[PDB]
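> Show me the folded form of this:
(chains A, B, C and D)
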Amino acid sequence: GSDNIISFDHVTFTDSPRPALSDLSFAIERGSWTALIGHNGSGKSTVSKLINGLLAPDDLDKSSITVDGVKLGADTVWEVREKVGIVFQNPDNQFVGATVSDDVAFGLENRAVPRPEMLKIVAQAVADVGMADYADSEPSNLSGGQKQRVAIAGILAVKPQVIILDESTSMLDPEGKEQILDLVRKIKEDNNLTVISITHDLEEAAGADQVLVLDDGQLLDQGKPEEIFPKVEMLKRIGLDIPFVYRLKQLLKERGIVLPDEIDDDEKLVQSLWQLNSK
Amino acid sequence: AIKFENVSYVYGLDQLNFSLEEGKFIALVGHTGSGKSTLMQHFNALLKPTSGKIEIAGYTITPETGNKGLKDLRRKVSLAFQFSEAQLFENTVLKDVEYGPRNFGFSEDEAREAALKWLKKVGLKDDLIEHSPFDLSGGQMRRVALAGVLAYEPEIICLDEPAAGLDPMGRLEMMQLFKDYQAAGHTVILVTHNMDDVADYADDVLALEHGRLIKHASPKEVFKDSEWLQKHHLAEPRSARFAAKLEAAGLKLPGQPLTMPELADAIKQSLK
Amino acid sequence: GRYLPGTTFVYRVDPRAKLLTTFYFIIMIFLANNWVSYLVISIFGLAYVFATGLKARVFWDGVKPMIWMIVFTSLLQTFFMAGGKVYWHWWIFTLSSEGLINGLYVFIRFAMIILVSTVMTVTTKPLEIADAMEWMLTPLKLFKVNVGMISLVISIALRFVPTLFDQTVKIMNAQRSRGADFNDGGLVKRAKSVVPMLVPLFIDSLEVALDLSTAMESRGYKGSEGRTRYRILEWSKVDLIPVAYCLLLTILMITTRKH
Amino acid sequence: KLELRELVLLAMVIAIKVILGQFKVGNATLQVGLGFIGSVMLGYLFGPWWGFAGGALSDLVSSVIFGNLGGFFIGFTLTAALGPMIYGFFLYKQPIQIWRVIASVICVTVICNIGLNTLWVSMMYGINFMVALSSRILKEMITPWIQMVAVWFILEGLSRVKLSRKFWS
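Numbering: from 1, shown residues only, chains lettered A, B, ... in the order given. Next up is the structure itself:
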C-alpha cells in the first residue's frame, strides 16, 4: 500500500555540478513509520521538500512523484499539501503564530475553516499534544521541545495522511527527543497516518517499521531495521554509526560473546544475556 | 584552580562554592533554566557577580571590577556559545578565524600562523580556507567557529553544546578534538544536556538546579545514586540505564559501568 | 512602557476604539488655542487618566525620557513669545507674562500627548494593538493595495522581535568573548564594530526568512486572500464610553476655540 | 511581485530596524540612535517603495512593542517611511560608492530629521517653526557625519552577504 512513491528523481540545486539526488526510487507503505537515514551530503535534506512540491525534479517527464495517486505537479501541488505535513528542523523558525493557539490555527485559517469549527479543532489538536495549559503562551516563553510539540499539533490539526518529521528532533535534548517520539507514535496510532523520518538520529530509526539508507543521492539499501543495522560494515564506509543495542552487540562480539543478529530491542538483549547467565 | 566563593547573581545564581583544578574536563549539567549559561558567562566576566569572588586564570573578578583588564582575561578564558557558527562575519575563512588573535594581541603574521594551525586541527580542508564562510556547510561552519575561539590557545575553554545538531560521527570527532585539547594541559568546561558525553569524557561533574550547586563529584559518584538523580532533575547515561535493566533482569554486573566499552567488559566478566 | 495588567474598565475597551480615541485626542489637542480650550482638554485628559486607574508611577516613568526636552521647549517658547507684563528684562531673556502662559500651553501639550499615549501602550496588549492597527489599515483597500500582505508583515515582525533581540544579545556576547571592544577606540573603529553585530544578524534573518517561508508554504499559505481569521476583535457595550467621550470632546473644542 | 520568502525577509528587516532603533551607541557625550542601520538595510535591500512600506511598518511595530514616546501621530510614521525611501533611491541596485552614501545621508537628514520632523513637532506642540528647528538643529549637525562613517561600513558588510551563497535572489 504505497503512499509516497518517488520514482527516478533528480535534483540539481538550481549552482552545483553534482546533483543532490540521482535516480532515487522508493515507496512508503501506508501506516508505517519509515525512517530515512543518510549522511548530510547524501541529499536526504530535500526529500521532505520534494514530497510536497516545494522543490521540483529537473526532468518532470522522467521523474514522477506520486502522493496518494496525485501525481505531483505545478497544478496539484496544493492538494498534496493538504495530505502531507512536514515538521522542520528548527522549532523557532517554523513557529509562525504569535501564540500557541495561533500557530495551530494558522493551518486551518489557510483552508478557510469557519471560526467555530476552527476553535473546536484547535482546542482538540492542542490538547492532543501535552500543550493544553499553554494555549496562550508566547513563542519565546516555550522550550525547544514545546515548540516542536506545537508544530506537530499544527501539522495534525489539518488532518494529514503523512507526517514528515524532517529532522524535527535534531536540535532537542535527549529527554525532549524521547518525549517527541512518544507523542508522535501515539498520534500515529490514534489517527492512523504514515510517518516518514528524515533523521540522522539512529535510535529513532531503530524503532521504525522500514529503514531507507541514502548515499550520495541514491538508495543504497532498504528493509526492516533488523536487517540494515546489523551490517555495520556498510554503515562504516558511508559515515553512520549504529544504534546503542547493535553497537553493544558488536562490542560484545569483539570481546568474545557472540549474539544472534535478530536481537533488536533492549529487552530482547537483556533476556538473551539472562539465558547465557544461567550457564 | 577556578574558584567561586559565595558567588551570586541577581536580576540567577545563589551561593556557589567550588574549585575546578586546572587540567580537567569539567562537565556542567542540568535542565534549562538552572542557571548553567549564567555560570558560563560568569566564567570570563561577561556577567560580573553581585556578591562573591572568582579566581579564574589568575585574575580575580569581584562585583565592583571594571571592564579594564578583562581583555587580558578573555585571552585565557574563551567561551564558545551554542550554535557558534551564527557569529561568522568575515569575508573569508582565514580572516574569520584570525579575527580573534588579531584583537587578542597577535601580530598579522602570528595570527595567520595560529589560524592556519587551528584550521588544520579542526579538520577543515586546505582548499576551503580563503573562501567566504557562508559558502560552507553547517559542519564546516561549526568547525570554523570552533577554530575561531581555540586559535589563541586559551587556558580554560568553556563550551556550550559544541555538537548540538551534528551527526554522531561528527559529534565524536569534535569530542575527541576537545579531549585531545585537554591532554595539552588546558581545562575544558562542557555545558551539555547529553549525559552520554559526560559519563565518557568528564572528570569532574558540576550540577546546578534553580541556580544553586547541588553536586560536584566525579561522574562515577554522580550517577551511582539513582534515588538522588530522580529526586533532583537529571537524566542517566544510556549505558547506565542498560546496566540497571540488567540488574533488574537478575544478571549482576561487577563494579559500576557507565561507558559502552566498560559496560561490555563488565558484561563479559560477569558471564565468565 | 510595556503592558502592565489591570482590571479597570479601560482594559475592557476594544483596542480599535481606544486607538481611535488616542488619534482623535491628538486631533483635538491640535485645536487648543485659548486658555479655556486648554482647560477643557486638560480636564478631559486627566479624567481619562484617572478613569484608567493606573498609579502615577507608570506615567512618571513615561514622562522622564523627554522631560529635559519638555522643559527646554517650554522655556524656549517662554522667551521667544513675548507680550504683556515684563519681568527679568535682558537682551536675550525676557520673562514676560505671555511668555509664561505660552510656556504653560506647550507644557500642557506635552503632558496631554504623553499621558494619553502612555495609557494606550500600558492598557493594551501588543497583539491587540496589532489587530487594532490592521483594522485602521483596512480603509487602505480603496487604494487597491494588498492590506493582507501588510498585516502579515506586521504580525511576523512582532512575533520575531523578541527572538531577534535574544539573537542580537547572543551574537554580541559571542563576538565580545573573542575581543570585540564595542565601545572603545574612536569613530572609524567604532563604525567597524557594527559589521560583526549586523552581518551575523543578517545571516540569521536570511535563514529565518527561508525557513519560515518554507514552513508557511508547506502548511498551505497560497495567498493573503481567502483565509478566515482566528483572533477576531469584537465590539462591546463598554465601547460606548469612547464614542461619547470623543464626541463630547468635539463639542467643547469647536465651541471653545479662539478660531 | 514580492515572493513570500522576500516578504518574510522584509518582516525580519523591519524587526531589525525596530531593535536597532531601541539601541543607542556611544559615551554620555553623544548617543546616536542606531535606527539609521535599519533604514539603510530597508533601502539597500528592498528598494524605495518596499523601503517606504518597511519604514512605515517599522514605525508601527516600534509603537506596538516599545510604545510611541511622542504620541501616536501619522506624521512620524510618514517621516520614518520617507527615510528608507531616500536611502533606497540613492543606494538600491547600485554599486557601492562614497558619493551615494554622502548624498543619501545628507538628503535624509535634511528632509526627515531637520525637515519633516521639525514640521510635525511644531504642529503638535504649537511652537514656532524656528524654535523647534533650533531645538533640533544641534544633534542633527554632528550626528549625520557619524551616520556617514557608520553607513560606509554597513554596506560593505551587507554586500559580502548578498554576493555570498546565503542570499538567493
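
> In chain B, which residue is most central in space?
Nearest to the centroid of the C-alpha atoms of chain B, with distances taken as Cα atoms, centre = their mean, sits residue B:190, at 1.9 Å.

> can you give me the helices for chain D?
Taking DSSP state H as the test, the helices found in chain D are D:4-22, D:35-46, D:49-66, D:74-91, D:98-108, D:117-125, D:129-135, D:139-162.

> The first one close to chain A?
No - legend: contact between helix D:4-22 and chain A by Cβ under 8 Å from any Cβ of the partner chain is lacking; minimum distance shown is 9.3 Å. (Each C-beta comes from the backbone N, C-alpha and C, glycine too.)

> what comes up buried for that helix?
D:4-21 (16 or more other Cβ atoms under 10 Å in any protein chain shown).

> just the third one next, same as before
When neighbours are counted by 16+ other Cβ under 10 Å, the buried residues of helix D:49-66 are found to be D:50-66.

> which of the residues you listed come close to chain C?
When those are checked against chain C using Cβ under 8 Å from any Cβ, the ones in range are D:53, D:57-58, D:60-61, D:63-65.

> quick one: the helices in chain C?
For chain C, helices defined by DSSP H occupy the ranges C:15-29, C:35-52, C:56-63, C:67-80, C:97-123, C:126-137, C:147-176, C:187-192, C:195-219, C:240-256.

> An error on my part: the question was meant for the stretch 101-250 of chain A.
Remark: helices assigned in the stretch 101-250 of chain A by DSSP state H, counting those that start in this stretch are A:115-128, A:144-157, A:174-191, A:202-206, A:225-228, A:232-237, A:244-255.

> between the second one and helix A:174-191, how many degrees?
Here helix A:144-157 points in a direction 10 degrees away from that of helix A:174-191 (axes from the mean of the first three to the mean of the last three Cα atoms, to 10 degrees).

> Packing partners of helix A:144-157?
strand A:84-86, helix A:91-94, helix A:100-110, helix A:115-128, strand A:162-166, helix A:174-191 (3 or more Cβ pairs under 8 Å, 6 or more residues apart in numbering or on different chains; DSSP states H and E).

> Please apply the same query to the first one.
If you count contacts as 3+ Cβ pairs under 8 Å, 6+ apart, helix A:115-128 packs onto helix A:100-110, helix A:144-157.

> Same list, those, but as JSON lines with mean neighbour count please.
Supplementary listing: the helices and strands packed on helix A:115-128 in JSON lines, determined by neighbours: other Cβ atoms under 10 Å in any protein chain shown:
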{"stretch": "helix A:100-110", "mean neighbour count": "26"}
{"stretch": "helix A:144-157", "mean neighbour count": "25"}
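
> Would you mind listing what in the stretch 51-200 of chain B touches chain A?
Residues of the stretch 51-200 of chain B lying close to chain A (Cβ under 8 Å from any Cβ) are B:137-139, B:164-165, B:167-169, B:172, B:193-196.

> Can you name the residue of the stretch 1-150 of chain C that approaches chain A most closely?
residue C:127 (5.4 Å; Cβ to the nearest Cβ).

> What is the burial count for that residue?
Residues lying near residue C:127 (other Cβ atoms under 10 Å in any protein chain shown) number 19.
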